[PDB]
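Data block for target.csv (CSV, N, CA, C and O atoms):
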```csv
chain,number,residue,atom,x,y,z
A,249,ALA,N,-21.2,-19.9,0.4
A,249,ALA,CA,-20.6,-20.8,1.4
A,249,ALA,C,-20.3,-22.2,0.8
A,249,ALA,O,-19.4,-22.9,1.4
A,250,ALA,N,-20.8,-22.5,-0.3
A,250,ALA,CA,-20.5,-23.8,-0.9
A,250,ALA,C,-19.1,-23.8,-1.5
A,250,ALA,O,-18.4,-24.8,-1.4
A,251,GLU,N,-18.7,-22.7,-2.1
A,251,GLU,CA,-17.3,-22.6,-2.6
A,251,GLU,C,-16.3,-22.5,-1.5
A,251,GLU,O,-15.2,-22.9,-1.7
A,252,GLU,N,-16.8,-22.0,-0.4
A,252,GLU,CA,-15.9,-22.0,0.8
A,252,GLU,C,-15.7,-23.4,1.4
A,252,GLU,O,-14.7,-23.8,1.8
A,253,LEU,N,-16.8,-24.1,1.4
A,253,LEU,CA,-16.8,-25.5,1.9
A,253,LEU,C,-16.0,-26.4,0.9
A,253,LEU,O,-15.4,-27.4,1.4
A,254,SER,N,-16.0,-26.1,-0.3
A,254,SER,CA,-15.3,-27.0,-1.3
A,254,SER,C,-13.7,-26.9,-1.2
A,254,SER,O,-13.0,-27.8,-1.7
A,255,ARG,N,-13.2,-25.8,-0.5
A,255,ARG,CA,-11.8,-25.7,-0.3
A,255,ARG,C,-11.3,-26.0,1.1
A,255,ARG,O,-10.1,-26.1,1.3
A,256,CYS,N,-12.2,-26.3,2.0
A,256,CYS,CA,-11.9,-26.8,3.3
A,256,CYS,C,-11.5,-28.3,3.3
A,256,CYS,O,-10.9,-28.7,4.3
A,257,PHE,N,-12.0,-29.0,2.3
A,257,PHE,CA,-11.6,-30.4,2.2
A,257,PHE,C,-10.6,-30.6,1.1
A,257,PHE,O,-10.2,-29.6,0.4
A,258,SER,N,-10.1,-31.8,0.9
A,258,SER,CA,-9.2,-32.1,-0.1
A,258,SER,C,-9.8,-32.0,-1.5
A,258,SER,O,-11.1,-32.1,-1.6
A,259,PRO,N,-9.1,-31.6,-2.5
A,259,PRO,CA,-9.7,-31.5,-3.8
A,259,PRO,C,-10.3,-32.8,-4.4
A,259,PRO,O,-9.6,-33.8,-4.7
A,260,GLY,N,-11.6,-32.8,-4.5
A,260,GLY,CA,-12.3,-34.0,-5.0
A,260,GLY,C,-13.5,-34.3,-4.2
A,260,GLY,O,-14.4,-35.0,-4.7
A,261,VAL,N,-13.7,-33.8,-3.0
A,261,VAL,CA,-14.7,-34.2,-2.1
A,261,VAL,C,-16.0,-33.5,-2.3
A,261,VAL,O,-17.0,-34.1,-2.6
A,262,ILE,N,-16.0,-32.2,-2.1
A,262,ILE,CA,-17.3,-31.4,-2.2
A,262,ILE,C,-17.3,-30.8,-3.6
A,262,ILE,O,-16.5,-29.9,-3.9
A,263,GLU,N,-18.2,-31.3,-4.4
A,263,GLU,CA,-18.5,-30.6,-5.7
A,263,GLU,C,-19.6,-29.6,-5.5
A,263,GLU,O,-20.5,-29.8,-4.7
A,264,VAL,N,-19.5,-28.5,-6.3
A,264,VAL,CA,-20.4,-27.4,-6.1
A,264,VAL,C,-21.0,-27.2,-7.5
A,264,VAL,O,-20.4,-26.6,-8.4
A,265,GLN,N,-22.2,-27.7,-7.7
A,265,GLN,CA,-22.9,-27.6,-8.9
A,265,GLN,C,-24.3,-26.9,-8.8
A,265,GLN,O,-24.9,-27.0,-7.7
A,266,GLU,N,-24.7,-26.3,-9.9
A,266,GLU,CA,-25.8,-25.4,-9.8
A,266,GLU,C,-27.1,-26.1,-9.9
A,266,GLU,O,-27.3,-27.0,-10.7
A,267,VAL,N,-28.1,-25.8,-9.0
A,267,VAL,CA,-29.4,-26.4,-9.0
A,267,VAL,C,-30.4,-25.2,-8.9
A,267,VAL,O,-30.6,-24.6,-7.8
A,268,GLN,N,-30.9,-24.7,-10.1
A,268,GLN,CA,-31.8,-23.6,-10.2
A,268,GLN,C,-31.3,-22.3,-9.6
A,268,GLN,O,-31.8,-21.8,-8.6
A,269,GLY,N,-30.2,-21.8,-10.2
A,269,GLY,CA,-29.7,-20.5,-9.9
A,269,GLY,C,-28.8,-20.4,-8.7
A,269,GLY,O,-27.9,-19.5,-8.7
A,270,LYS,N,-28.9,-21.3,-7.7
A,270,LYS,CA,-28.0,-21.3,-6.6
A,270,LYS,C,-27.0,-22.5,-6.8
A,270,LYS,O,-27.2,-23.4,-7.5
A,271,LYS,N,-25.8,-22.3,-6.1
A,271,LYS,CA,-24.7,-23.3,-6.1
A,271,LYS,C,-24.8,-24.1,-4.9
A,271,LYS,O,-24.3,-23.7,-3.8
A,272,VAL,N,-25.5,-25.2,-4.9
A,272,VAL,CA,-25.6,-26.1,-3.8
A,272,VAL,C,-24.3,-27.0,-3.8
A,272,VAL,O,-23.6,-27.0,-4.7
A,273,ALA,N,-24.1,-27.6,-2.6
A,273,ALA,CA,-22.9,-28.5,-2.5
A,273,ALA,C,-23.3,-29.9,-2.0
A,273,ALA,O,-24.2,-30.0,-1.2
A,274,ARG,N,-22.7,-30.9,-2.5
A,274,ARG,CA,-23.0,-32.3,-2.1
A,274,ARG,C,-21.6,-33.0,-2.0
A,274,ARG,O,-20.6,-32.6,-2.5
A,275,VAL,N,-21.7,-34.1,-1.3
A,275,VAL,CA,-20.5,-34.9,-1.1
A,275,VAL,C,-20.3,-35.8,-2.3
A,275,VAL,O,-21.3,-36.2,-3.0
A,276,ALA,N,-19.1,-36.1,-2.6
A,276,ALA,CA,-18.7,-36.9,-3.8
A,276,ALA,C,-17.3,-37.5,-3.6
A,276,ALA,O,-16.4,-36.7,-3.5
A,277,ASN,N,-17.2,-38.8,-3.5
A,277,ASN,CA,-16.0,-39.5,-3.0
A,277,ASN,C,-15.5,-39.0,-1.7
A,277,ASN,O,-14.5,-38.2,-1.6
A,278,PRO,N,-16.2,-39.4,-0.6
A,278,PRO,CA,-15.6,-39.1,0.7
A,278,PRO,C,-14.3,-39.8,1.1
A,278,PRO,O,-13.7,-39.6,2.1
A,279,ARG,N,-13.9,-40.8,0.2
A,279,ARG,CA,-12.7,-41.5,0.4
A,279,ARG,C,-11.5,-40.6,0.2
A,279,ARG,O,-10.4,-40.9,0.9
A,280,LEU,N,-11.5,-39.5,-0.6
A,280,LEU,CA,-10.4,-38.7,-0.8
A,280,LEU,C,-10.0,-37.8,0.3
A,280,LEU,O,-8.9,-37.2,0.3
A,281,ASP,N,-10.9,-37.6,1.3
A,281,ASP,CA,-10.7,-36.6,2.4
A,281,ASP,C,-9.6,-37.1,3.3
A,281,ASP,O,-9.6,-38.2,3.8
A,282,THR,N,-8.6,-36.2,3.4
A,282,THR,CA,-7.4,-36.4,4.2
A,282,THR,C,-7.6,-36.3,5.7
A,282,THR,O,-6.7,-36.6,6.4
A,283,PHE,N,-8.8,-35.8,6.0
A,283,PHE,CA,-9.2,-35.7,7.4
A,283,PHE,C,-8.3,-34.7,8.2
A,283,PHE,O,-7.7,-35.0,9.2
A,284,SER,N,-8.3,-33.5,7.6
A,284,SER,CA,-7.5,-32.4,8.2
A,284,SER,C,-8.2,-31.4,9.0
A,284,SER,O,-7.6,-30.5,9.6
A,285,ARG,N,-9.5,-31.5,9.0
A,285,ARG,CA,-10.4,-30.8,10.0
A,285,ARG,C,-10.4,-29.3,9.8
A,285,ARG,O,-10.6,-28.5,10.7
A,286,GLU,N,-10.1,-28.9,8.5
A,286,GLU,CA,-10.0,-27.4,8.2
A,286,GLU,C,-11.3,-26.7,8.3
A,286,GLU,O,-11.4,-25.5,8.5
A,287,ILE,N,-12.4,-27.5,8.1
A,287,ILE,CA,-13.8,-26.9,8.2
A,287,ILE,C,-14.1,-26.5,9.7
A,287,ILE,O,-14.9,-25.6,9.9
A,288,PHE,N,-13.5,-27.1,10.7
A,288,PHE,CA,-13.7,-26.8,12.1
A,288,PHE,C,-13.0,-25.5,12.5
A,288,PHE,O,-13.1,-25.1,13.7
A,289,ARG,N,-12.2,-24.9,11.6
A,289,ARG,CA,-11.6,-23.6,11.8
A,289,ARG,C,-12.6,-22.5,11.4
A,289,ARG,O,-12.5,-21.4,11.9
A,290,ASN,N,-13.5,-22.8,10.5
A,290,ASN,CA,-14.5,-21.9,10.0
A,290,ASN,C,-15.7,-21.9,10.9
A,290,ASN,O,-16.3,-22.9,11.1
A,291,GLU,N,-16.1,-20.7,11.4
A,291,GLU,CA,-17.1,-20.6,12.4
A,291,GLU,C,-18.5,-20.7,11.9
A,291,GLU,O,-19.4,-21.3,12.5
A,292,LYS,N,-18.7,-20.2,10.7
A,292,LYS,CA,-20.1,-20.3,10.1
A,292,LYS,C,-20.4,-21.7,9.6
A,292,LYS,O,-21.6,-22.0,9.5
A,293,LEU,N,-19.4,-22.4,9.2
A,293,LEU,CA,-19.6,-23.7,8.6
A,293,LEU,C,-19.1,-24.9,9.4
A,293,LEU,O,-18.9,-26.0,8.8
A,294,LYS,N,-18.8,-24.7,10.7
A,294,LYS,CA,-18.5,-25.9,11.5
A,294,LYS,C,-19.8,-26.4,12.1
A,294,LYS,O,-19.8,-27.3,13.0
A,295,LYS,N,-21.0,-25.9,11.7
A,295,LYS,CA,-22.3,-26.4,12.1
A,295,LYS,C,-23.1,-27.0,11.0
A,295,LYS,O,-24.3,-27.3,11.2
A,296,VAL,N,-22.5,-27.1,9.8
A,296,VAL,CA,-23.1,-27.7,8.6
A,296,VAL,C,-22.4,-28.9,8.1
A,296,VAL,O,-22.8,-29.4,7.0
A,297,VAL,N,-21.4,-29.4,8.8
A,297,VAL,CA,-20.8,-30.7,8.5
A,297,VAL,C,-20.7,-31.5,9.8
A,297,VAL,O,-20.6,-30.9,10.9
B,103,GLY,N,68.4,47.9,15.9
B,103,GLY,CA,68.5,46.5,16.3
B,103,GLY,C,68.2,46.3,17.8
B,103,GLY,O,68.7,45.3,18.3
B,104,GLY,N,67.5,47.2,18.4
B,104,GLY,CA,67.2,47.0,19.9
B,104,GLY,C,66.1,46.1,20.2
B,104,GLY,O,66.1,45.4,21.2
B,105,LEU,N,65.1,46.1,19.3
B,105,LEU,CA,63.9,45.3,19.4
B,105,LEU,C,63.1,45.5,20.8
B,105,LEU,O,63.0,44.6,21.6
B,106,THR,N,62.6,46.7,20.9
B,106,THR,CA,61.9,47.0,22.1
B,106,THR,C,60.5,46.3,22.1
B,106,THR,O,60.0,45.8,21.1
B,107,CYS,N,59.9,46.4,23.3
B,107,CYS,CA,58.6,45.7,23.5
B,107,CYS,C,57.4,46.6,23.1
B,107,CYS,O,57.6,47.9,23.0
B,108,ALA,N,56.3,46.0,22.9
B,108,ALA,CA,55.1,46.7,22.5
B,108,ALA,C,53.9,46.4,23.5
B,108,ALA,O,54.1,45.7,24.5
B,109,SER,N,52.7,46.9,23.2
B,109,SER,CA,51.6,46.8,24.1
B,109,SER,C,50.9,45.5,24.0
B,109,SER,O,51.4,44.6,23.3
B,110,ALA,N,49.8,45.3,24.6
B,110,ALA,CA,49.0,44.1,24.7
B,110,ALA,C,48.1,43.9,23.5
B,110,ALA,O,47.3,44.9,23.3
B,111,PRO,N,48.1,42.8,22.8
B,111,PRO,CA,47.1,42.6,21.7
B,111,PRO,C,45.7,42.5,22.2
B,111,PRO,O,45.4,41.8,23.1
B,112,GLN,N,44.8,43.1,21.5
B,112,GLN,CA,43.4,43.2,21.9
B,112,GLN,C,42.7,41.9,21.6
B,112,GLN,O,42.2,41.2,22.5
B,113,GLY,N,42.7,41.4,20.4
B,113,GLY,CA,42.0,40.2,20.0
B,113,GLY,C,42.9,39.3,19.1
B,113,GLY,O,43.9,39.8,18.5
B,114,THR,N,42.5,38.0,19.1
B,114,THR,CA,43.3,37.0,18.4
B,114,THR,C,42.4,36.3,17.3
B,114,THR,O,41.6,35.5,17.7
B,115,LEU,N,42.5,36.7,16.1
B,115,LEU,CA,41.7,36.0,15.0
B,115,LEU,C,42.2,34.6,14.8
B,115,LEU,O,43.4,34.4,14.6
B,116,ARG,N,41.3,33.7,14.8
B,116,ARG,CA,41.7,32.3,14.5
B,116,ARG,C,41.1,31.9,13.2
B,116,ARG,O,39.9,31.9,12.9
B,117,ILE,N,42.0,31.6,12.2
B,117,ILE,CA,41.6,31.2,10.9
B,117,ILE,C,41.7,29.6,10.9
B,117,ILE,O,42.6,29.0,11.3
B,118,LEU,N,40.6,29.1,10.4
B,118,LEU,CA,40.4,27.6,10.3
B,118,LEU,C,39.5,27.3,9.2
B,118,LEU,O,38.6,28.1,8.8
B,119,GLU,N,39.7,26.1,8.6
B,119,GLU,CA,38.8,25.6,7.5
B,119,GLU,C,37.4,25.5,7.9
B,119,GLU,O,37.1,25.1,9.1
B,120,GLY,N,36.5,25.8,7.0
B,120,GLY,CA,35.1,25.8,7.3
B,120,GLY,C,34.4,24.5,7.6
B,120,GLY,O,35.0,23.4,7.3
B,121,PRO,N,33.2,24.5,8.1
B,121,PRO,CA,32.5,23.2,8.3
B,121,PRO,C,32.1,22.6,7.0
B,121,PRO,O,31.9,23.3,6.0
B,122,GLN,N,32.0,21.3,7.0
B,122,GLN,CA,31.7,20.5,5.8
B,122,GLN,C,30.3,20.6,5.5
B,122,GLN,O,29.4,19.8,5.9
B,123,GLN,N,29.9,21.7,4.7
B,123,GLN,CA,28.5,21.9,4.3
B,123,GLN,C,28.2,21.1,3.0
B,123,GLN,O,29.2,20.7,2.3
B,124,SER,N,27.0,20.8,2.8
B,124,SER,CA,26.4,19.9,1.7
B,124,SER,C,27.0,18.5,1.7
B,124,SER,O,27.1,17.9,0.6
B,125,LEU,N,27.5,18.0,2.8
B,125,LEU,CA,28.0,16.7,2.9
B,125,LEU,C,26.8,15.7,3.2
B,125,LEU,O,26.7,14.7,2.6
B,126,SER,N,26.0,16.0,4.2
B,126,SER,CA,24.9,15.2,4.6
B,126,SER,C,23.6,15.7,3.8
B,126,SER,O,23.4,16.9,3.7
B,127,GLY,N,22.9,14.8,3.3
B,127,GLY,CA,21.6,15.1,2.6
B,127,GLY,C,20.5,15.4,3.6
B,127,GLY,O,20.5,14.9,4.7
B,128,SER,N,19.6,16.3,3.2
B,128,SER,CA,18.5,16.7,4.1
B,128,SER,C,17.5,15.6,4.4
B,128,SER,O,17.0,15.6,5.5
B,129,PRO,N,17.1,14.7,3.5
B,129,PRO,CA,16.5,13.5,4.0
B,129,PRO,C,17.6,12.4,4.3
B,129,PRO,O,18.7,12.5,3.9
B,130,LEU,N,17.2,11.5,5.1
B,130,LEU,CA,18.0,10.4,5.5
B,130,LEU,C,17.9,9.2,4.6
B,130,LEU,O,16.9,9.0,3.9
B,131,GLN,N,18.9,8.4,4.5
B,131,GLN,CA,19.0,7.2,3.7
B,131,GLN,C,19.1,5.9,4.5
B,131,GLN,O,20.2,5.5,4.8
B,132,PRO,N,18.0,5.3,4.9
B,132,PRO,CA,18.1,4.1,5.6
B,132,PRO,C,18.2,2.8,4.8
B,132,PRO,O,17.8,2.8,3.6
B,133,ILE,N,18.7,1.8,5.4
B,133,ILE,CA,18.6,0.5,4.8
B,133,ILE,C,17.2,0.1,4.7
B,133,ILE,O,16.4,0.2,5.7
B,134,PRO,N,16.7,-0.4,3.5
B,134,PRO,CA,15.2,-0.7,3.4
B,134,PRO,C,14.9,-1.9,4.2
B,134,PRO,O,15.7,-2.8,4.5
B,135,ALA,N,13.6,-2.0,4.6
B,135,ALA,CA,13.1,-3.1,5.4
B,135,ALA,C,13.2,-4.4,4.6
B,135,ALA,O,12.7,-4.4,3.5
B,136,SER,N,13.7,-5.4,5.2
B,136,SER,CA,13.7,-6.8,4.7
B,136,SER,C,12.2,-7.2,4.6
B,136,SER,O,11.5,-7.0,5.5
B,137,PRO,N,11.8,-7.8,3.5
B,137,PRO,CA,10.3,-7.9,3.2
B,137,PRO,C,9.8,-9.0,4.1
B,137,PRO,O,10.5,-9.9,4.5
B,138,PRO,N,8.5,-9.0,4.5
B,138,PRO,CA,7.9,-10.1,5.2
B,138,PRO,C,7.8,-11.3,4.2
B,138,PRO,O,7.7,-11.1,3.0
B,139,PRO,N,7.8,-12.5,4.7
B,139,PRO,CA,7.8,-13.7,3.8
B,139,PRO,C,6.4,-13.9,3.2
B,139,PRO,O,5.4,-13.7,3.8
B,140,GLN,N,6.5,-14.2,1.9
B,140,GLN,CA,5.3,-14.4,1.1
B,140,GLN,C,5.0,-15.9,1.1
B,140,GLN,O,5.9,-16.8,1.0
B,141,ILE,N,3.7,-16.2,1.0
B,141,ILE,CA,3.2,-17.5,0.6
B,141,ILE,C,3.5,-17.6,-0.9
B,141,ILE,O,3.1,-16.8,-1.7
B,142,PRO,N,4.3,-18.6,-1.3
B,142,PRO,CA,4.7,-18.7,-2.7
B,142,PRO,C,3.6,-19.0,-3.6
B,142,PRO,O,2.7,-19.8,-3.2
B,143,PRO,N,3.6,-18.5,-4.8
B,143,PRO,CA,2.5,-18.8,-5.8
B,143,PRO,C,2.7,-20.2,-6.4
B,143,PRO,O,3.8,-20.7,-6.6
B,144,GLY,N,1.6,-20.9,-6.6
B,144,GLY,CA,1.6,-22.3,-7.1
B,144,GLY,C,1.9,-23.2,-6.0
B,144,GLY,O,2.8,-24.0,-6.0
B,145,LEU,N,1.0,-23.2,-5.0
B,145,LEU,CA,1.0,-24.2,-3.9
B,145,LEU,C,-0.3,-25.0,-4.0
B,145,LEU,O,-1.4,-24.4,-4.0
B,146,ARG,N,-0.2,-26.3,-4.1
B,146,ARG,CA,-1.4,-27.2,-4.3
B,146,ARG,C,-1.2,-28.5,-3.5
B,146,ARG,O,0.0,-28.8,-3.2
B,147,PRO,N,-2.2,-29.2,-3.2
B,147,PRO,CA,-2.1,-30.5,-2.5
B,147,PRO,C,-1.5,-31.5,-3.5
B,147,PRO,O,-2.1,-32.0,-4.4
B,148,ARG,N,-0.2,-31.9,-3.2
B,148,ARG,CA,0.4,-33.0,-4.0
B,148,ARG,C,0.2,-34.4,-3.4
B,148,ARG,O,0.5,-35.3,-4.0
B,149,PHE,N,-0.2,-34.4,-2.1
B,149,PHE,CA,-0.5,-35.7,-1.5
B,149,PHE,C,-2.0,-36.1,-1.6
B,149,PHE,O,-2.8,-35.4,-1.1
B,150,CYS,N,-2.2,-37.2,-2.3
B,150,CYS,CA,-3.5,-37.8,-2.3
B,150,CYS,C,-3.6,-38.9,-1.3
B,150,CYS,O,-2.6,-39.6,-1.1
B,151,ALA,N,-4.8,-39.0,-0.6
B,151,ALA,CA,-5.0,-40.0,0.3
B,151,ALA,C,-5.0,-41.4,-0.4
B,151,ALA,O,-5.6,-41.5,-1.4
B,152,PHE,N,-4.3,-42.4,0.2
B,152,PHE,CA,-4.2,-43.7,-0.5
B,152,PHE,C,-5.5,-44.4,-0.6
B,152,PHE,O,-6.3,-44.4,0.3
B,153,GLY,N,-5.6,-45.1,-1.7
B,153,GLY,CA,-6.8,-46.0,-1.9
B,153,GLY,C,-8.1,-45.2,-1.9
B,153,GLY,O,-9.2,-45.8,-1.7
```
Just dump the structure as structure tokens.
Amino acid sequence: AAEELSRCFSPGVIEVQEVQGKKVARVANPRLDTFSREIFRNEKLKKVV
Amino acid sequence: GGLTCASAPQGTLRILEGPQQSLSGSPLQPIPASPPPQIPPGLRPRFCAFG
């Protein structure tokens, strides 16, 4: 789901880096986000942002 | 030279050119379907948010 979340925002916002075997996701430069709301199209991940 | 008359003809054979065989092929040849539009390859966000 982190690689799915990284493509719902503009390129640069959610980086997906490994922390002990799993690929967690964190915010990084929220300034870049074009505010296109593409994550609210995704049903599993409109409850995690 | 008298040219007398004769009896009634029984049947009348009609000679005519034959039907055009081997003109149409046994499968049909349709115009192929115009393709559905593709998302073109190499599409990326070219607009960065300012500042």
ask   = Rounded to one decimal in Å, what is the spacing between atom C of residue 144 in chain B and CA of residue 255 in chain A?
value =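 Result for atom C of residue 144 in chain B versus CA of residue 255 in chain A: 15.0 Å, one decimal.
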ask   = Could you state the separation of CA of residue 260 in chain A and atom O of residue 276 in chain A in Å, given to one decimal place?
value =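 Result for CA of residue 260 in chain A versus atom O of residue 276 in chain A: 5.1 Å, one decimal.
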request  = Neighbourhood query: residues within 8 Å of (-6.1, -33.1, 0.1), file coordinates, counting all atoms listed in the file; return as a list in words.
outcome  = residues 256, 257, 258, 259, 260, 280, 281, 282, 283 and 284 of chain A; 146, 147, 148, 149, 150 and 151 of chain B
message = I'd like to know which of A:263, A:270, A:278, A:296 is closest to chain B, using only C-alpha atoms.
response =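 Going through A:263, A:270, A:278, A:296 one by one, the smallest distance to chain B is for A:278.
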Which of chain A DSSP labels alpha helix (DSSP H), written as a CSV table (one decimal) with N, CA, C and O atoms, in the frame of the given file:
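Output below, filename states-v6.csv:
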```csv
chain,number,residue,atom,x,y,z
A,250,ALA,N,-20.8,-22.5,-0.3
A,250,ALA,CA,-20.5,-23.8,-0.9
A,250,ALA,C,-19.1,-23.8,-1.5
A,250,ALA,O,-18.4,-24.8,-1.4
A,251,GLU,N,-18.7,-22.7,-2.1
A,251,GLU,CA,-17.3,-22.6,-2.6
A,251,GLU,C,-16.3,-22.5,-1.5
A,251,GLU,O,-15.2,-22.9,-1.7
A,252,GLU,N,-16.8,-22.0,-0.4
A,252,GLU,CA,-15.9,-22.0,0.8
A,252,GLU,C,-15.7,-23.4,1.4
A,252,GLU,O,-14.7,-23.8,1.8
A,253,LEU,N,-16.8,-24.1,1.4
A,253,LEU,CA,-16.8,-25.5,1.9
A,253,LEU,C,-16.0,-26.4,0.9
A,253,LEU,O,-15.4,-27.4,1.4
A,254,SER,N,-16.0,-26.1,-0.3
A,254,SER,CA,-15.3,-27.0,-1.3
A,254,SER,C,-13.7,-26.9,-1.2
A,254,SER,O,-13.0,-27.8,-1.7
A,255,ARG,N,-13.2,-25.8,-0.5
A,255,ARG,CA,-11.8,-25.7,-0.3
A,255,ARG,C,-11.3,-26.0,1.1
A,255,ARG,O,-10.1,-26.1,1.3
A,256,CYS,N,-12.2,-26.3,2.0
A,256,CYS,CA,-11.9,-26.8,3.3
A,256,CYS,C,-11.5,-28.3,3.3
A,256,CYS,O,-10.9,-28.7,4.3
```
Atomic distance CA of residue 141 in chain B - CA of residue 285 in chain A, expressed in Å with one decimal =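 The value is 21.2 Å.
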query = From the set A:274, A:261, A:295, A:290, which residue has the shortest atom-to-atom contact distance to chain B, counting only C-alpha atoms?
reply =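 Distance minimum relative to chain B lands on A:261.
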If the box runs along x, y and z of the file and leaves 6 Å on each side of range 276-283 of chain A, what are its centre and edge lengths in Å, one decimal, as lines of an AutoDock Vina configuration file?
```
center_x = -12.9
center_y = -38.1
center_z = 2.7
size_x = 24.4
size_y = 18.8
size_z = 25.0
```
